[PDB]
Structure formats: structure tokens, C-alpha cells
Amino acid sequence: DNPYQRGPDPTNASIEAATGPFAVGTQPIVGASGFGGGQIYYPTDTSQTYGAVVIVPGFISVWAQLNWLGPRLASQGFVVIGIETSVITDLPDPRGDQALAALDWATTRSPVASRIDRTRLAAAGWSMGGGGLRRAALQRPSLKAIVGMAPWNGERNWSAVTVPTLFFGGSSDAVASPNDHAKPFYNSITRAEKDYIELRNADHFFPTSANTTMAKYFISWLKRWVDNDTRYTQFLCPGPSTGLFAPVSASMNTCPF
């Protein structure tokens with residue numbers, strides 16, 4: 001059996017729910033080094049450990065703009081480390097260094113170190129925080145997954161990445177348009193499993209409000225890679241519809257992974 005599987009067998013309804021089956025606790029990040037602080041979210045059930053995901057903010061912004069993700073993901077059986085950057089205008093690569101510094105803090109020094117399986121980690125981010133996932137994955141190829149939401153990075157060559165990569169784009173995003181950011185990054189990745197999902201009519205701020213389409217695939221990606229949980233492949237492969245009225249306007253992946 002897979003010792004990392006958490007929660008009952010999933011359904012479309014279970015990945016779309018605002019809250020998964022785990023009760024959630026939260027507390028601020030206090031005495032962090034190498035990043036700006038933030039908030040941690042975690043299952044209160046200490047009968048088992050969980051993987052952890054660090055989430056990095058993005059468009060001249062703070063963690064609060066993404067904070068719906070804390071309970072949304074932690075309640076599916078993850079430790080979520082939502083961070084502030086050292087400077088709100090930090091470039092992408094520093095944000096990736098800070099993502100790794102916050103994983104290191106969480107697993108070694110934080111009050112919930114004992115709740116995390118330090119061998120099963122992921123990084124995620126919005127906008128320039130999503131652009132920082134290249135540096136996080138290249139510096140830490142042991143990450144199980146990266147998830148970029150409207151990622152922004154002038155560097156389009158992510159060919160050295162070997163970490164399973166999910167990107168979300170927005171069809172109405174003029175800040176980090178798919179054509180100039182997420183799709184070039186996705187197209188350069190030849191050495192990792194990958195998935196690209198574009199949200200119809202969505203602008204650069206789609207990650208800042210509860211979005212069931214983004215959440216259900218984010219959850220599924222973390223389950224599949226952080227937990228090795230192949231019960232979630234069914235939602236990723238073939239993945240979303242792209243018809244004229246669907247909430248997804250474009251979908252590409254390396255199914256069956």
C-alpha cells in the first residue's frame with residue numbers, strides 16, 4: 001500500500017470542495033531567516049505526517065492575497081507555508097531562494113516540523129513568485145512538484161527542470177500572458193512530467209480569489225506527486241474539457257506521467 005495516501009478515495013466533488021476532510025490549524029511564522037515571514041496551515045490530525053508546500057506571492061503583493069489557498073490545500077492533507085518575500089519587488093530568482101529557505105525553516109525550526117515529512121516537499125507561487133519556481137527546482141531537484149499560477153519570468157528556458165511542473169495561465173492575463181510566460185516555460189520543459197491549464201476569461205489576479213477549477217487541479221497535482229497518490233491521476237488524465245463554454249480554454253500535459 002502507499003503509506004503517504006491521505007483521505008478517502010477522491011471524487012470530482014471531493015477535489016472541488018472548499019474544505020477537504022482534514023481539520024486545519026494555523027499560526028504566524030515567527031523568527032524566520034532568509035524570507036519575510038508569513039503564515040503556516042496544517043492538519044490538526046497528528047496520527048500521521050504530511051508533505052509540505054511553500055507558496056510564494058507575486059504581483060507587488062503579500063501572502064494575504066493568496067491566503068484562501070492555506071485552508072483550501074491544508075484541509076486536503078498538506079502543510080502549507082504561505083510566505084512574504086524579503087522585499088515586495090524581489091526578482092524571480094531571489095523568490096525561489098526564499099521558497100527553499102522557508103521549506104528549510106518549516107522542516108528544521110518551526111513549531112510544526114514534526115508534522116512534515118521533510119522528504120516530500122513542493123513549491124508554488126503566483127506571478128513573480130511562480131517565476132521563482134525555476135530557481136527553486138534547479139537548486140532543489142528533490143522537490144516533488146512545482147505549481148506556478150500565472151508565472152512571470154523573463155527567462156523562458158526552463159529546460160534544466162526535472163521536477164513535475166503544473167502551470168496555470170489566464171486567457172485575459174496581460175501581465176504574464178500565456179504566450180510570453182507560462183507557455184514558453186512549459187514548452188522548454190523536456191525532462192519533467194508537466195501540465196498546463198489555461199482559465200477562460202481569467203486575468204492576472206485569478207489566483208487571488210477562490211477558484212474551484214484552479215484548486216481542484218492544484219490539489220490533484222500535489223496528491224499525485226507529493227503523496228505518490230495515483231488515485232488522483234484520474235482527474236489529471238485526460239484532465240479538463242476545453243469546449244467553447246468550459247472554464248478551461250487550453251489544456252496540455254504529458255499524461256499518463
# chains A, B, ... in the order shown; residues from 1 in each chain; ligands from 1

$ residues_around --residues "residue A:131" --least-positions-apart "6" --cutoff "7 Å" --atoms "only C-alpha atoms" --output "list in words"
residues 92, 151, 152 and 153 of chain A

$ select_by_dssp --residues "stretch 31-85 of chain A" --states "strand (DSSP E)" --output "NGL selection string"
:A and (38-43 or 50-56 or 79-83)

$ residues_around --residues "residue A:69" --least-positions-apart "4" --cutoff "10 Å" --atoms "only C-alpha atoms" --output "list in words"
residues 18, 41, 55, 63, 64, 65, 73, 74, 75, 80, 82, 207, 208, 209, 210, 211, 215 and 218 of chain A

$ write_last_selection --atoms "N, CA and C atoms" --output "compact mmCIF listing (two decimals), in the first residue's frame"
# COMPACT_ATOMS: atom_id res chain seq x y z
N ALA A 18 -14.54 23.31 -0.96
CA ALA A 18 -13.75 24.39 -0.37
C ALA A 18 -12.90 23.85 0.77
N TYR A 41 -0.23 26.66 7.76
CA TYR A 41 -1.52 25.99 7.86
C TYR A 41 -1.25 24.50 7.85
N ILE A 55 4.21 28.46 -0.62
CA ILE A 55 3.51 29.27 -1.65
C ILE A 55 4.05 30.69 -1.60
N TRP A 63 1.31 37.76 1.08
CA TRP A 63 0.68 36.44 1.21
C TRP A 63 -0.83 36.55 1.31
N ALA A 64 -1.35 37.60 1.99
CA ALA A 64 -2.82 37.70 2.23
C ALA A 64 -3.62 37.59 0.93
N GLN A 65 -3.04 38.06 -0.17
CA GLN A 65 -3.79 37.99 -1.46
C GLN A 65 -4.04 36.56 -1.94
N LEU A 73 -5.87 24.01 0.69
CA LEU A 73 -4.93 22.92 0.48
C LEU A 73 -4.64 22.17 1.78
N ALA A 74 -4.49 22.86 2.91
CA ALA A 74 -4.13 22.15 4.16
C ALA A 74 -5.22 21.15 4.51
N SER A 75 -6.48 21.50 4.26
CA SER A 75 -7.62 20.61 4.58
C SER A 75 -7.65 19.37 3.69
N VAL A 80 0.93 23.81 4.62
CA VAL A 80 1.07 24.93 3.68
C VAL A 80 1.85 26.04 4.32
N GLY A 82 2.76 29.69 3.66
CA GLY A 82 2.47 30.89 2.82
C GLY A 82 3.40 31.99 3.20
N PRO A 207 -5.55 33.92 -9.27
CA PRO A 207 -5.18 33.14 -8.08
C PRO A 207 -5.59 33.80 -6.78
N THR A 208 -6.04 35.05 -6.79
CA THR A 208 -6.25 35.83 -5.56
C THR A 208 -7.64 35.65 -5.01
N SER A 209 -8.51 34.91 -5.65
CA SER A 209 -9.89 34.64 -5.19
C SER A 209 -10.13 33.16 -5.33
N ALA A 210 -10.93 32.61 -4.47
CA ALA A 210 -11.27 31.17 -4.53
C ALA A 210 -11.69 30.85 -5.96
N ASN A 211 -11.05 29.85 -6.52
CA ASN A 211 -11.23 29.41 -7.90
C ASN A 211 -11.23 27.89 -7.91
N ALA A 215 -8.12 25.24 -8.02
CA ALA A 215 -7.89 24.46 -6.78
C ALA A 215 -7.93 22.95 -7.05
N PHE A 218 -4.71 21.89 -8.72
CA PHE A 218 -3.57 22.12 -7.79
C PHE A 218 -3.55 20.96 -6.77

$ closest_residue --among "A:246, A:222, A:138, A:79" --to "residue A:44" --atoms "only C-alpha atoms"
A:79

$ residues_around --residues "residue A:58" --least-positions-apart "5" --cutoff "12 Å" --atoms "only C-alpha atoms" --output "PyMOL selection string"
chain A and resi 63-66+82-85+87-92+95-96+124-133+148-153+175-176+204-208

$ atom_distance --atom1 "atom CA of residue A:37" --atom2 "atom CA of residue A:113"
15.9 Å
